[PDB]
Every structure is written in structure tokens, then in C-alpha cells.
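Chains as they are written, first to last, in PDB author numbering: chain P5, 2 to 437; chain 4R, 2 to 53; chain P4, 1 to 426; chain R0, 1 to 434; chain 7G, 178 to 235; chain 7B, 1 to 97; chain 5F, 295 to 389.
Cβ coordinates follow ideal geometry from the N, Cα and C atoms, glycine included.
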Amino acid sequence: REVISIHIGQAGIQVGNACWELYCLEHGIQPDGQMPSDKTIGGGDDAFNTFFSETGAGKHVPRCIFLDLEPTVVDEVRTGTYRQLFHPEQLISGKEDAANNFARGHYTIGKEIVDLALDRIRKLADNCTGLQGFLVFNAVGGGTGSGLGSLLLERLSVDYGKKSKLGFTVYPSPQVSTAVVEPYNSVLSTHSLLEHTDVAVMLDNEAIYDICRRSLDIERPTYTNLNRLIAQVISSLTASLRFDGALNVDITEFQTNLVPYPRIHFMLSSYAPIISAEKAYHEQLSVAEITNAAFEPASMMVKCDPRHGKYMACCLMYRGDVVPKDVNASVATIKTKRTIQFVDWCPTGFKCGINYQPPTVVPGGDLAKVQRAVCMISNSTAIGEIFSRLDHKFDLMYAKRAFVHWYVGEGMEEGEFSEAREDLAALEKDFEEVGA
Amino acid sequence: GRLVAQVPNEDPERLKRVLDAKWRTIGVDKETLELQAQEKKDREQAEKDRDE
Amino acid sequence: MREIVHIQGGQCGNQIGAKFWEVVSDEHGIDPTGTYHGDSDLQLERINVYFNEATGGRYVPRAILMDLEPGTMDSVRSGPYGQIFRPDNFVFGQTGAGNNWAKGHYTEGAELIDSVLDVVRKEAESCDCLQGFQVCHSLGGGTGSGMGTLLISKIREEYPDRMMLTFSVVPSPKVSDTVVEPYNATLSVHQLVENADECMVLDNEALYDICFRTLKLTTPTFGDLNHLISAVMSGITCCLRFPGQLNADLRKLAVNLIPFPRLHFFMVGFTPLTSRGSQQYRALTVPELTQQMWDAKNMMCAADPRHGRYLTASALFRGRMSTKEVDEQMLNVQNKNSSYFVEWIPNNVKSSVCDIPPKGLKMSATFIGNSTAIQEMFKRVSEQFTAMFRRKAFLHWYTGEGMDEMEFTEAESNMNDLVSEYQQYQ
Amino acid sequence: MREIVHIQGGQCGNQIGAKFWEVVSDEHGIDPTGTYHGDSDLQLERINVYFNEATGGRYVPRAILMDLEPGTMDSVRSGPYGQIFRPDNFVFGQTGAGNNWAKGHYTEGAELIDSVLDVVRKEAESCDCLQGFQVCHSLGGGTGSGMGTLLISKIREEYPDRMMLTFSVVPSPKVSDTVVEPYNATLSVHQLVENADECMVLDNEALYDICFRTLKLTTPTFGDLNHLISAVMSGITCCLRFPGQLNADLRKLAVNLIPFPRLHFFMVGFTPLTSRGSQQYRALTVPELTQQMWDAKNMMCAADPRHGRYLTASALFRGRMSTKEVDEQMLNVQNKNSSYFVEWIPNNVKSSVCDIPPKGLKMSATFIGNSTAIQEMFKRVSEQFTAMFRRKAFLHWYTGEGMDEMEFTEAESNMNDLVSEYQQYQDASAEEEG
Amino acid sequence: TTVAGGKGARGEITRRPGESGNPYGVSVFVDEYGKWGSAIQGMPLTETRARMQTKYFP
Amino acid sequence: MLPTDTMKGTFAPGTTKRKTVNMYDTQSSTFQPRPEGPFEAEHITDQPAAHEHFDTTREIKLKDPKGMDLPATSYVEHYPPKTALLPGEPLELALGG
Amino acid sequence: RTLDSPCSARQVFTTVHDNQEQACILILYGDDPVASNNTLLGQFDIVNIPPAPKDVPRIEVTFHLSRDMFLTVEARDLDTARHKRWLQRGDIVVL
Ligand SMILES: Nc1nc2c(ncn2[C@@H]2O[C@H](COP(=O)(O)OP(=O)(O)OP(=O)(O)O)[C@@H](O)[C@H]2O)c(=O)[nH]1
Ligand SMILES: Nc1nc2c(ncn2[C@@H]2O[C@H](COP(=O)(O)OP(=O)(O)O)[C@@H](O)[C@H]2O)c(=O)[nH]1
Ligand SMILES: Nc1nc2c(ncn2[C@@H]2O[C@H](COP(=O)(O)OP(=O)(O)O)[C@@H](O)[C@H]2O)c(=O)[nH]1
Ligand SMILES: [Mg+2]
């Protein structure tokens, strides 16, 4: 069982730098490539086979490719602590960035980076044997993430097609933002994210700021803390592949159990207990309260309100000291409560998964050693709300034709602006009828 | 072989390697790799010294 | 002489079978290293029914494990009584179905079923005279339900005259793991009504209920539910494995419980099940066994038989017991609650006695009562299948896999007329 | 009394023969340096079938090596049990044909085969009553295939009445070494259908499949493949070398397995083959022998016998076994799986038993089935041959030597008529005549 | 005893000659190689790279 | 239990040049047997003393390469020398006259 | 005799008496099948063979002859892994 993770964009590489730090610490690998000298061969070793291969003797090179167009962040990786972890080639770097420009990133520079990337991926899959799927990390706001990210997914779906491609994307927040052309970028990325990623999970940054302000009570969080708990979520939904559990859930179950229609793969995520080193000692953590804690909008990874929505389905990953009894009792209380409502198509709107290994801790992290945890991935109509919120302010700027000359200069036209806008309208109609 | 045959068909050292399935799959001589990396670095430093 | 070939399908099937082989090996005294260490000679004379003598007192089970994911097999060979199986019998796929009946019935079975049939054919022609095959599987998952039904179909076409048991766990709405539970359960039962000889219905909701009320545990892990279903399977097959004053094999119980070839879904109840705190404050007498066996809360299904009519029933007793009290208690329970028993069938109770009790007990029982309350649960499943299929939820995960919608219409129509004929005979 | 002379051709043939002589010398108890040191007197009484007493317990094999490059010969010499072969029997050239059947049949054979024939004659009249010649070679190379087949032809013209076995591995498209494999194999089979008395078809694809699934070895090298083939040959000729309750000579097996003079390509198998970790779990009875012997995954050819009909079958057994069990097992197999056996021949199973097992076991079995599933492999070769001969590819390497295109036309004709004969005999009716 | 279910924690069957966790050593049979979590059980892994060609296996 | 432990045989050099020099040349390396060499333990001065030391309680035979013992042939096993059972005492009736 | 200069040859031997302590290896040079007729060059013995039945324990005797005819003899008791090396005209080394 092997799964390779590709990162596209300056946010992709930063998220990857948090994920792989956590993975090496979870499997006891030192940052310089190999395990400690004192490590003794024992049962439960080889657990790292699904992310690292073993080169030569005592060297573990991950199954990943960072790729960006500006050489800055890639050179930061090449000079950081993990110089010797990643193989030199796996970090694909361009010469000049797309600079917040879907067009420049999709037609100008992607056309020369995509062949080198997919030639690298093919010999990563050829080294692999039991490939579960690819998983992509990107922010749709930028140019490298959106533009050639779409181009990569296009040619990935052409090369393999049937294989699952988990997309953990980062949408821009409604009110807090860092860009101006990002609505054009997000829409032109989505039109390709519809028919290509098999599963797509949304991650907004304001929602995580809210969490780190309220729960972890960090008043001044940088991107590292955000990257930290995002990697926590990725680790929590891959632990079923890695370590043995009582009832575990694979990658290939999400498509089966959370995608009721082949064009609806957009899933809110959440996590609990996102807790600090002092509150954790004071408060007793049990399965029922954290199953409740993973359901308010005050603990979700997307700034949307599912109270305005209807839960299409739900997947619950449990880590730690969890027995199937109480998780079953907890989902019983949720299902019988009426502060949230399930859709009519699903009376059995849940899917639980249980794993034994507790989630690990990191030096420099803010979460303490916790006994049990929950990672939820549900599906609702609140996403059909957030796409309309984004669409309205895309039409705002497109009505006065602001910034349009940039993309036309790169070589595009108005046709794909119109069709991307219409595709968002169609998907809006798609979400409002399914929610009926 | 079809042309020349120096080695036995049951030679112990050859058999010990081929039988070690890990050595067949991945094989390294880490000492020589270290020495050759240092050799490369020393040649680069010699070039830079000549230019200086 | 008469043989039983065991077949496990799916992840829940493998864990069920691991515990089943654990208690049966303990019953016959064979140690986890695989050698005989019993004391009574009676244990040695009837192990051809489940084992094969290998070498120097080495007995390997007559089982076939079947699934699509290696972690189940690793979990099989990790725990105790894991190194007693033969590795050839671990017939085993490599891709994984994952809650997909269509993958479990059209795409992966095409390349797996040839090897399973080769193994099971080898396991059948090894012994002389088969009594019947045995199948443990799940009705929620994909590789258990889909591959299980395809195996049942292929087997019943190949070996028609041989008997066949099927222990199926049907998902309950209160205890709902997956989302595609109706789409799998309905399609599987459709195949199950026409190919399986008889089936015994389990569900985890009733198992948690029993471990809650009777056994009084804080943490009922899956091992204990596996322990309950194991004690059931052992109780079914005790009559073959040990002499008794009144014997009843699989075929004998089948003919005495199945009056119509489509009414072969039974509910189960096991007794005694008492908490170890209350283990000493109780007597051990056959009224004490029948008060708990005929108790409606002790059934291992989510179908209260008090909402229907006990069509037929059977009781298998273990331990050197008094046939007179055995028969007299059955007579009394039959005559008192005379409304719960059908009219046009007098003497609705089959009974049997096998004088060898399970280890650690002196007297026990096993109940297999064919009621008409089982159509309650089938309706409970069928209405959810209708609630989804009415406007095609999740449908493409099967439609693009080779299926047509007519398979779903067939599945619901056969669900429909089955619950109708059960309602008729009520 | 009854004598078997051994002729090894080419590199693959030579390595196979080396392992075979190793296993036979081990079975008869002679040390690698060639002197007898065994225990039982049953070892002495029947080594005249393979050896000659030289001087004080010195026994030299009755073999003839034949190839074209000293690499193979010195690999034979450097191996253990390598000092037993007589150097006058190292008849040998030094140019090399190099995967060219025309070179092995027209240029170099044309002058080496006379010396090879001198040596084989000498070693054949060195004995009293020849049972047969036993030729081990391949069908892909040139020095083994071409020279070996020319030798077969010349021998069949010289000594027509004696038996002739040919152990021939065939090229398979899954594991295919060279590129001219069909060009060689087609002409070789054309010669074998007209000269050889019987041919036993092996192939490295099925050998590898066996070593992967049944043995579950990690590194199945050519030594293990050769060990399998050697055990097969030893199981073939155990009946001549050791006393049994039911004997079966080579001519006896041939007359019991060949219904028509052209249908003599057999698929072979061996039993038992189990892993060292899985041998603890298995039962050890005659049923456990036959259930693995008749298994499709145990045949040593890339032709599933489930895809056709068994014309005839034969089972040789080694070890002290109860003939009642043997016969009732054969009866059960023939009665139950009844459609795989041809109709117009009742009792399609010839069986025999011997009381001396191969080393390491107490009891074992060897299977020789003359099935009609071999036309699968023959068509699988003929289609590649005709695909290439449709445009005279690679053809100059033969044309510029003395061969013509008519030779290839004749090869195709004989191969296709052979598979047609096989198909007609497979689908022939039960009872009617004209 | 509660048995871990489903996949994860690669065991005696998925273990094979060539992978990323299996230790160095001479092994002729795959089922023999397949139980090093049973055979070795707690050596330091410097010793496995030290004794490259040695049995120390079932 | 490695296969190299059971591996018996006598290896030879493979391909090489022609000899071109006979053993009578002083530069041609030759194997000289005498002096006697490094004997082990006390009192082994003479070859016959070596033989007595070898015969007392040390001794070695080469191991049977076959793992099992050779099974007795069915003929010999089925037909061993046998002795007929004793008849028993016969009754004699006195004739009457 | 007549084997080329670089040449190695190994055989496996065992004790014949049950419960034997030592095993005395003698190196003889000659052609006669009787042993007392051949000349003797060097003898040593493997000591402390563990008690065992008739033919169980394994001793490996391997002769190696080098290019300028130096001969070495390695005797290796497999069970206790006792190695003793004998060099022509030079002391016996243990290992
Ligand atoms: N959640 C999260 N988002 C990030 C992080 N770093 C950057 N982003 C997001 O990245 C988006 C812009 O893309 P960038 O990654 O900055 O740059 P890019 O993806 O390479 O696109 P270009 O600058 O045009 O090359 C913004 O919306 C940021 O919110 C991070 O560490 N965590
Ligand atoms: N009694 C019992 N039930 C189980 C076990 N594992 C899963 N289940 C139930 O069976 C259903 C899932 O079966 P599943 O694992 O998907 O079977 P598979 O994937 O086809 O092999 C759920 O309703 C679970 O509640 C088990 O070990 N024991
Ligand atoms: N079983 C076995 N097959 C071999 C060996 N060497 C080569 N082969 C097979 O022989 C075929 C080629 O025959 P080739 O060696 O050219 O025959 P030759 O050159 O005429 O002696 C290839 O398909 C190999 O797979 C060996 O040592 N053992
Ligand atoms: Mg950027």
C-alpha cells in the first residue's frame, strides 16, 4: 500500500514541509534521512513503507514531489533542516513564477514544467507497486497552484484516470484575503477541479485563524501553526493505511461513501480536540464531547455555516483510545438531535472509522499529548453557499472588465471566462436541486 | 557462460550475494560513495583555487 | 465421515472466523501450536469433521479465508491460533472492493473466483463425503457481500446436493457503519433467497444490546461479539462433533425448520449468558435455561418475535441432561403462550440433546426459531433502499461498473414479494 | 543390461545435464571424484545402465557433451561431480553458432557431427543391449537445436530400432530470450516430428511459475530450474535402475502413451514440491501426491490441460506404496474429471511403482501426459513465425548460408498439419467408422 | 482479546524479499523470510547492516 | 541450514592459458610432501602411532548424502525366512477285538 | 591427482561411534586404497564434539591448494561452529 503526495504552489510546499516533518516524527525517522542508531528491529516497523522507500542502506527518500515556479521556496527547502531528506530531483523548481495569473501559469510556463513533473511522477509510480492514489495539495488563489495545477490534474487524469486523486485545496477566505485577482483565479481553477479531482476537501484560512485564536488561544499565529494542524488532519485520515485499527477506512472509501453524485465532491472538514497544553490537563477528554465538538461551525476548517445547510453525508475518523461502543452511542445522539438535520436521501448518513495509534506531538507545536481525537469529513449544501458568495464578487469585477487585459495578454480570450462563469452557475443549480 | 567460464556455478561469495534478496534489489558500497563525494568536492575546490 | 468445509468472506468474516476457530480448537483440545493435547478420547474421534491430520498430530482446519485486503490476513496470523491455518488456504485478492457490491460481484470476482473455486474444490475432494459447506460473511461491506454471493452462486451450481449454512450480519439502522448499507443488503438478500439453503440472521445492534443487559460489560469490543457468534456456531454443529442421546445434523434441522423453500432466514438465541458477578447467584436447571432462551430480549436479531408468530422453532441442548425435563419444558412453553405459535403446524418445536457441554460449562442451549417477525427487518431495510433509489443517490458507483437499473428493480421486487409472503403466512 | 546413453547439446542442455548427472551420482552413491562409497547393494547392481567400471570402483558416466564454445565445457569441468566425465567424450568445436539454426545445421554441424557421431557410436557399442538414446537440448539456440536435431536425424538413420527420448525446452513469448526463437523452433519441431521417438516439452515460463507459486522460492535461478528438470528425468528412468512391484521401461511407456506415430509431444510434471515453511502443514498420503500431480499449475508446459483433452496419461511412482491405493486414486481421477479424458480410449492411465525414492523423501511421483493441449503452444509459435516470414525479416542470416525459402514453407506446412491432426483427434467422434 | 481489523501494520504475508522495511539477510524461501517480526524481535538495526550475509532466520 | 553446508564436490580451475612449461623446471611451482608437517598433540611421531591414535576412539565416516535410510525392497520385506507351526499331539483310539 | 593448481574440494563427514568426543582427521598422500600404505603428512583432530547419536554431527573437511602448491586444510564442526585450520609446514591455528 503506497500513496504519493504532490504539492503544487508556494502554499503546497509549505503544507508539505509541515506534513513531512510530522511523518518523519511519527515514524521515528531523523531529519537527516535515517532512523536513530539505537533503534531496534521490532514488530510495527515497516510501518513507514507507505510514504518512504528505502534507498541504499539506511536512507528513506519520501514519495513526494514539491513543485513551484519561483525557485525561492524550493531553495529554502534545499537549505533548511531537511536537506538530506528529499532527493534533489523530487523538488522541481521553475525559473520564473506565474505571479498570480491563471493564464500565465496554465499556458505560458506550465507547458514546459508539466512534462518534467509527470515524467518524475511516472517513475515514482513505477517504483511503487500497490499505488492507492495520488493526493494533491494546492492553494487555488495563486498562479502556480491554480494554473499548472489544473494542467497537471488534466494530464494526470489522462495518464491514469481511474486512480483516486485526493485534492486538499485552499480556497480564499470571504473577507480576509491577500490577493485581488484571486476570484478570477479561483473560478478558472474550479472549472477544472470539477471534472478531475475525485475527492476535494476545502480549507479556508480564516476558519483556521478562528480556531487557533479561540481553541489554541494563540493570539498571533503565523502560517506554520496553520500548516501544523492541516498536516494533523492529513495524518489522521491516512493513519488507517499506516497502522492497524479496530475498524479502519481507506482512501478508496471516501469516493464510495461521500460522493452521491459524480460532480459533487466538495467536503467540509473539521478536527477535535484542537487543544492546548493547559486546558488539556484541566478538562477530561471523552468520545461524546469531542464528537459534539467536531460539529459546531466554531471548529471547522472552512468558514461556512452548515446550520444553513443539510448534511449529505459524514465520515468520522477516530484515533486513540476509542472503542466502537461509545462512538456508536455518540453518533446515535447526533442522529437523534435536531439542531442539525440530515437530507432525506440518507438515513444512514454516517461512516465511522477507528484507529489505535494516538496522534503524535511535535516540538514547536501547540497541541499537547492527547489520548483520543476526531477528524470529520462531511458533505453539505453550505458549499453551494460559498461558491455563490465567491461567484457574486467575481461578477463584480468582471462587469467592469477589470484585470481582463492581463489574461488576454497571456493569450486567452473572453470565451473561457464566460464558460467558467456559466459552469459555476450550473453547479450552483446542481447544489440547490440536490439539497431539495 | 556461453563463451568463457572463470567462476564456479556454486561459488560461495557469489551465492551469498545473489541469495541475499535485499542486496540484489538495492546494493551500495557506502564507503566508496563517501570517498567519491569528497573527491568531487576536492576537485571543485581545486578549480576555485586555480582561478583565485 | 461427514465433513464441513468452512468459508469466510470479508473483514468481519475473517474476525468472526478467527474467534470461531479459536473456540473450536479449544473444544477439541488442540493447542495454538497445532498439536493435540487433549485428555478424553472423545475429542479425538470426531475431528475429521473440521480438521485434517497432517503429521505427528498436526491438525489444520478445513477452512478457506477469502477477502480483498492483506491487513485482514495479517491480523489473522498475528493473534493466537493464527499459525494453525494452511497458507495455501489464504486465497486472497490484491485491489480491494471497499463497500462496493458491484466491484464485489462483477469486476474483481472475475479474477478472484477462479482461484477460490480451485481451492475450495481441492478442499472438498480432499475428504470423502461432504456434509455441507459453511459460510460466514457480512451484508454491509463489498468483498464480503458481493464476493460471498458470487461464491454461493458458483458453489450451489457446482455442488447442488450438499448442504449449506450462511451466517450473515445484516446492518441495523441504529448501528450504522457504512452509508451504502441498503444498496448492498438488498442486492445480497436477493441472491441469498434463491441460492442459500438456510441462513441465520445476526446484527450488531442486538449483540450490543445483549452484552449491555445480560453480560454487563463496560467495553464490549468486537472480540466479545465474535465470542457470542462463535458460541452460536459451535452450538449448531455440536451434534456432529460429539455423541448424544438424540442427534440432529444440519440436514435434519433444515428439513425440520424449512416448510417452504423461500422461508429460510432464522433468528438465534444462546443461553446461558450471565454476568460473572451474578454467575454464582443462579441455579443451573432447564427452566433456568428456557426462561432466558425464550426471552424476547435474548434473540440475536432486531426482530422481536412477539410482534409475530413463531412459525417453527428448534432447541439444541448440551450436557448430560434429562430428556423428560427437556421435552416437558418445551411442551409447557408451547402451551402457555399459545398465541405466538402458528396454528396449522402442531408441535412447532424440534429438540435435540448432545451430552458434551462446552468447556467451562455443564449445561447450555442454542435456539434457532424461524419466525415471521424477520420481515420486520427486511421492510426496515427495504424502505431505506427505496428512499435512496427513488431519485438515484450513489447510483453511479454501481451503474458505471456494469450494472443496469433493472437489477435494482429486481432487488426491490424480490424484497417486496418475500416480505409479502412472510406477511401471508403470519 | 538395458542401456541409456546421454547426449547433451548446447549451453542449456549442458547445464541441465550437469545437474542431472549430479543427482544421479548422488542417487547411486558415487563420490564427486568418481569412486563408489554408498551403502546398499541395490546401488551397485544397476549402475551399468549409466556407467562403466574403470579401475577399482571408478565409474564414468555414459554421456556425450556437444557444443561450440569452451565456456560451457569448462563450466561443466569446474563444477562438482565434474571430474567424472571422460575427456574423450568432450567432442567439441570452438567457433560458435550463435543462435543461428542454419549455422548449427549446415555450416558447423556439417563437419563437427561426424566426430560427434564417432564418439556416440563408440559409447553405444561400449554396451550390450541399448535401451535408448536420451538427448537433452533446447529449441531456441543454434548449437543445441540445429546440431542436436541433425544428430537426431543421423542417429535415427543409423540405429532405427532403439528408443529415443528428447528433453526439449521450448521458447515462450512471455519469457523470450532471443529474437530468432520462432525461426529456430519451427524448423527444429519440423525435424522432431519426423525423427524423434518421443519428445518431452518443457518451458522456462512454467518452470518459473512453479518455482514462484509452489516452491515459493525467493530467487529461482537456473540451478533450481535444472534441478527440477533433473528430478523429472530421474523419475523417468527410476524403473530401469531400481526393482519395483510394477516395472515400466522407456519402450513400455512409449507404447502405452503414443496412439499414433506423430502424436509424441508430452507435458510433464513432478510431485511433491512444497515450501520448507509450508511443509509442516501438509498431509503426506497418496491422495496428497495425486491431487498435486494432476494439478494444472504443476504441469511443466505453458499449456493448461483443462483447455483440451488428455489423450493418454502415465504416472510413475517411487517409494513403497500400496498398489490398491495407487489404482483407486487413478480410478477416481479418471472417473470424476471425466470430460478431460478422450472417449475412444478407455482406461487412459498407465501407472507403475518402484521401491526406491529420490533423495530427501520417502515417496514421490512423476507424471507424463500426452494431451491435445500442446497445439496451443504450437500455434503460439507458428503465429509468430508466420508474422515474421510474411516479410522475410531476419531471413538473410539463413538465406546467405545455403538454406532456401522452401525450407520455411515446409516447416510451416508440417507445423500446421500437425496442429490440424491434433485438433481432429481431439474432436473425433466416439463410435463410428468408414 | 480484541483483534485489530482491516488493513495496516503489514504482516507475515505482505512481507516479501524486496520492500522498504524488510531487513538484510539470506533467505531461500519466502515464507521463511516472512517472519522476521517473529524471529529477530528487538535487535538493534545496526546489527542487520553489520551481518549482511548470515542466516539468523527461521 | 544453508545449502552451502551440504555442498560436496571437487572444484577445478576453469579456462586458462596453455601450460607451456613442464614441472621439471625450477621455476615451475611444485608440491613437495616432505618434511612431515605440523602434527597435533604429543606422541604422534610415527605413522603407525598415528594409526593407533586414529583407531582408539576417534573415527570418521562420510555422511549419507541422502537424508533418510535406504528402504528395504518390498521383496525382501515381504518374504522373510519363516518356520511352520508345530502340529500338536494326535489322539490314538485303541482298536477293539 | 592431475587436478590443476588452484583447486578446492570439500566433503562432509560424521562420527561413526555414538557419543564420541573427538574426531581425528589424518592427511595422507598416495594412491593405495589401504591407508597404512600411503605416506602421512600432518594430522589433527576436532575436539569437544557434543554428545549425539551415531551419525548426527557434521564436520566439513575442505582441502585448498594454491598456485605455488601451498596446501591448507579447513575442518569445521557445524554445530558448535568450531573451525581449525592446518597449514603445510606451519602451525595449526584455531578459530
Ligand atoms: N493555509 C495556508 N495558505 C497559504 C500558506 N501560504 C500561502 N498560502 C495561500 O497561498 C495563496 C497564494 O498562493 P501562494 O502559495 O502564496 O503563491 P503561489 O501559489 O505559488 O502562486 P504565485 O504567487 O502566483 O506563484 C494565498 O491565498 C495564501 O492564502 C500557508 O502556509 N497556509
Ligand atoms: N460482529 C462484527 N461485525 C463487524 C466486524 N467488522 C465489521 N462489522 C460490521 O460489518 C459491517 C462492515 O463490514 P465490512 O468490514 O465492510 O465487511 P467487508 O469490508 O466486506 O470485508 C458494519 O456494519 C460493521 O458494524 C466484526 O469484526 N465483527
Ligand atoms: N533451464 C535452463 N534454461 C536455460 C539455461 N540457459 C539458457 N536457457 C534457455 O535457453 C534458451 C536459449 O537457448 P540457447 O542457450 O541459446 O541454446 P544454445 O545456445 O544452442 O545452447 C533461453 O530461452 C533460455 O531461457 C539454463 O541454465 N537453464
Ligand atoms: Mg506563488
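- Per DSSP, the beta-bridge partners of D371 (chain 5F) are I353 (chain 5F), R376 (chain 5F).
- Around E181 (chain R0), no beta-carbon contact reaches into chain 4R at under 7 Å, the shortest distance being about 16 Å.
- Excluding its 5 nearest sequence neighbours in each direction, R34 (chain 7B) has no C-beta neighbour in its own chain below 8 Å.
- Its chain contains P351, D373, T374 as the residues whose beta carbon lies nearer than 8 Å to that of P344 (chain 5F), once the 5 sequence neighbours on both sides are disregarded; these appear in chain order.
- Measuring C-alpha to C-alpha distances from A201 (chain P5) to each of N139 (chain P5), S165 (chain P5), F267 (chain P5), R156 (chain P5) identifies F267 (chain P5) as the nearest.
- Remark: the shortest separation between the CB of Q256 (chain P5) and any heavy atom of ligand 2 does not fall under 6 Å.
- Among the CB atoms of chain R0, none fall inside 7 Å of the CB of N204 (chain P4).
- Note on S338 (chain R0): under 16 other CB atoms within 10 angstroms of its CB, so exposed under the neighbour-count rule.
- The contact set of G148 (chain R0) on chain 5F, defined by CB atoms closer than 9 Å, is empty, because the minimum CB distance reaches about 30 Å.
- A distance below 8 Å between beta-carbons, with the five flanking residues on each side excluded, links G38 (chain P4) to the following residues of its chain, in chain order: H28, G29, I30, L44.
- In this structure, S382 (chain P4) is the residue among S382 (chain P4), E158 (chain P4), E3 (chain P4), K103 (chain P4) with its C-alpha nearest to the C-alpha of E410 (chain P4).
- Pairing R2 (chain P5) with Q133 (chain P5) gives a Cβ-Cβ distance under 7 Å.
- In terms of Cβ geometry, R241 (chain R0) and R58 (chain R0) do not form a close pair [threshold 7 Å].
- Using a cutoff of 6 Å, the CB of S138 (chain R0) counts as near ligand 3, since one of the ligand's heavy atoms is closer than that.
- Counting only heavy atoms of ligand 4, the residues whose C-beta sits closer than 5 Å to one of them are, along the chain, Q11 (chain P5), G143 (chain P5).
- Taking 6 Å as the cut-off, the C-beta of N206 (chain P5) counts as close to a heavy atom of ligand 1.
- The region 285 to 295 of chain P5 makes contact with the region 260 to 276 of chain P5, as at least three CB pairs between them are under 8 Å.
- Runs of alpha helix (DSSP H) with 4 or more residues, each lying fully within the region 303 to 362 of chain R0, are found at 323 to 336, listed in chain order.
- DSSP places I155 (chain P4) in no beta strand (DSSP E) but in the uninterrupted alpha helix (DSSP H) bounded by 142 to 158.
- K212 (chain 7G) carries a coil assignment under DSSP once its states are collapsed to helix, strand and coil.
- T309 (chain 5F) and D339 (chain 5F) have their C-alpha atoms some 12 Å from each other.
- For the C-beta of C376 (chain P5), not a single chain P4 residue is nearer than 8 Å; the gap to the nearest is close to 17 Å.
- For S204 (chain 7G), the closest Cβ of chain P5 is not nearer than 7 Å.
- Nearest in C-alpha terms to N347 (chain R0), of all of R390 (chain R0), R156 (chain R0), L257 (chain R0), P358 (chain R0), is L257 (chain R0).
- Annotation for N249 (chain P5) indicates a beta carbon at 6 Å or more from all heavy atoms of ligand 2.
- In the three-state reduction of the DSSP assignment, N370 (chain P4) falls in the strand class.
- Per DSSP, reduced to three states, the secondary structure at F385 (chain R0) is helical.
- Closer than 7 Å to the CB of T4 (chain 7B) there is not a single CB belonging to chain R0.
- For a cut-off of 8 Å, the C-beta gap from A196 (chain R0) to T166 (chain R0) is around 5 Å, short enough to register as a contact.
- Within chain 4R, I27, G28, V29, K31, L34 have C-beta atoms less than 9 Å from the C-beta of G57 (chain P5), given in sequence order.
- For ligand 2, no non-hydrogen atom lies closer than 6 Å to the CB of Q372 (chain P5).
- When CB distances to chain 7G are screened at a threshold of 8 Å, the residues of the region 261 to 282 of chain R0 falling below it are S275, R276, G277, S278, in chain order.
- Across the set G146 (chain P4), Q11 (chain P4), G223 (chain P4), the C-alpha of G223 (chain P4) shows the shortest separation from the C-alpha of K19 (chain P4).
- At the C-beta level, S6 (chain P5) and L136 (chain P5) come within 7 Å of one another.
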